[PDB]
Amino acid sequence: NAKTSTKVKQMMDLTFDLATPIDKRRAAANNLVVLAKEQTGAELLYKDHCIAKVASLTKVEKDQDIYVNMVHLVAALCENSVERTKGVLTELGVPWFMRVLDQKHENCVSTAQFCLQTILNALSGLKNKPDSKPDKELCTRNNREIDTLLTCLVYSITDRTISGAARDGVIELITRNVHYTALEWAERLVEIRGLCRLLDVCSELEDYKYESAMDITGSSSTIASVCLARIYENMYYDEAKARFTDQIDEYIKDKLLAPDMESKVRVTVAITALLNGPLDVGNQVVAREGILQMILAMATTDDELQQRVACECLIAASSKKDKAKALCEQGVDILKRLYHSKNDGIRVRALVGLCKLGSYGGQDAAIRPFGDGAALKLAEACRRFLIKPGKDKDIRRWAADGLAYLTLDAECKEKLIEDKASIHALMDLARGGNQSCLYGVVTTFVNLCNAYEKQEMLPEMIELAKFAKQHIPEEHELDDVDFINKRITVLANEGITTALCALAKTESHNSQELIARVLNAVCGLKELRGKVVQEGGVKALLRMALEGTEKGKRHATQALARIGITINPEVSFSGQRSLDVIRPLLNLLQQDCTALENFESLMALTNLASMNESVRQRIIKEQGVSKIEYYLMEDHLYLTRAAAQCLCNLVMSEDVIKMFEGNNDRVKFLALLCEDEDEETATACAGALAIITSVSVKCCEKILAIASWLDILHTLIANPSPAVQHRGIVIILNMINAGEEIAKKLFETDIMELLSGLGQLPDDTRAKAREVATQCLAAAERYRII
């Protein structure tokens, strides 16, 4: 370790003395390198009081590049070290990270969050790997620090010291970690009265700032609602959902005494955020009570502020098919009135209120919603708000909430996709990352792509769904297809991938499902796969494939499968990515997925298995061999080919070979697949079995154990496919060379005679087979000399 030590000190130095200029950065970006996990690397910088030097350099440091690489440095050191972590928590305070968050320069928030995460990780045994759970043990030993960490975060939520960006980053951090049960953060947070604190952020008004104000962003109310909801998803028993709703209920009662306008305006804005979050709780609260009456009342006054706020609440109240049919009675009349307001922000909100109510229920009567031209009319209204240059505002967020409903209508989809100015407006909105417009904009995109969940018809006899099939069902009926594709193309072409990645920041599984639907839809066109990759699609989809809705994950995985088929995986999935993706892809191989999902998975896995022994290795450890194998027994013209082709790349790993050596019919069935009518299927199999017999004497024996293996070997030798026969005679050589007693069973049959017919002949179509055959005869000579 002589070497390492010296460089460390060389770099430590260059970095911290302000002499070295653009030389400083070299040391930094490189400093960070040497720690990278490597213990004998970190152990030192910790020991040469690096943590301290970083605390000095950072308060003075003005170059944003060096500054960031410094925080990475702190993270690198904590990584998987309870010690250096505990140690680091003492030398800088948790509040030192909470300051990196509030630094108002670029890339701070992501990096701050990465340390905090790394810290939370080391303390609890969490590894920064997909589907890692925390060590129950380390969660007890360090529960003091783990908890000191949570309480820090909850107390940062409403802290008026920090700016919006940082508040978001904090709330996000909490959303991400609440679900792990060995941490009990869901419960622990509800004790510290975290819910009230989240609600406080929700009811912070971004327009009119009442005297008591914290700095927020467009995404603050949304981000906070998703948190509220995620926390509730983890109130497991009935008693815990109790404590939750009770805390909320209480928080409302409190605000509703001394009901000045501020107190009223805030409670309703919070209730709105609460419906748009944990819906049941939102509803149990609207019930108790006559807050419905209170809202209607506010909507009826003549102050545009109560109007505004009350609309959003009405709009939010309608999120039940049940409580909307119940709501129209009284409220619709107010909405129609507000729909006539000269106040743009009010009109548009009222318009969304009405589009939402109007949307139920376009399956039931089979009769489409907004008949008789209402759909086109309302859409035109939304178009005008969307383009409206006159207010450069969040009036657009609502225009698009509107189109998320109208766009279910065919004619509407079509006007909209023709309307380039509006497609740009929508792109500019998503591109601007503002989380409050995700639902509207992305749903509109889903609609235009026809990517909404179709009517799912399932089979009696699931086990037979794929058997013997000779064709894979198109996703769309033939009339629709070309219009749909023209549409998906105009989206892809105005950079919908970058725009959605901007939004993918979200922690909402349901929000991720929408995004995953649109990206899958794009990847459905091979010509567009290129773009998606180059606009950063793979990183987003990979996250979305590992954590989300069962359906959302599915869509995201299939979109990755598609990219994998067309952009070589050595490029689209290097390097850690090629490993992370394997688990999700194997899940597309299950019986309840579509033949298309199976096929696109098999194809991608074949490509992935071709990379290195490392990716093969992950495929194996995840039970993948048997999951893929299943398809060889369907007589499916595409599924079986793909599976055979994939398997032909797995046998490159000796560990797979050992599977063929065991007690099973892997060698049997692979040999029988050699007689397959489909050339490519037969080629992959004889290829694979050639590879196997080339390295496994035991496998050559298993072949001789097959019912009428000689019949099988005749078929190979005389195969019309010059490729199969080449692979086939190679198998025979591999057996001959495997041992005298295998060779002898062979020499007892007409095989050697047969093979003496394929004499050497360099320029022939079958030159290769002739060559291997000549060597077969020659091998049988070595034996006879003895």
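Heads up: residue numbers just count along the shown sequence, starting at 1.
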Subject >> Mean C-alpha B-factor comparison - 683-691 and 315-323, higher one >> reply: 315-323
Original post:
Mean C-alpha B-factor higher for 45-53, or for 749-757?
Top reply: 45-53
Original post:
For the listed residues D592, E654, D665, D392, which one has the largest C-alpha B-factor as given in the deposited model?
Top reply: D392
**OP:** Could you check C646, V286, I567, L519 and tell me which one carries the biggest Cα B-factor in the deposited entry?
**Re:** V286
Original post:
What third of its chain's C-alpha B-factors does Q435 belong to: lowest, middle or highest?
Top reply: lowest
Original post:
Taking the C-alpha B-factors as the PDB entry records them, is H424 in the lowest, middle or highest third of its chain?
Top reply: middle
Subject >> Ranked against its chain, the third holding the CA B-factor of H471 >> reply: lowest
Subject >> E622, C-alpha B-factor rank within chain (lowest, middle or highest third) >> reply: middle
Original post:
Among the chain's modelled residues, which third holds the C-alpha B-factor of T272?
Top reply: middle
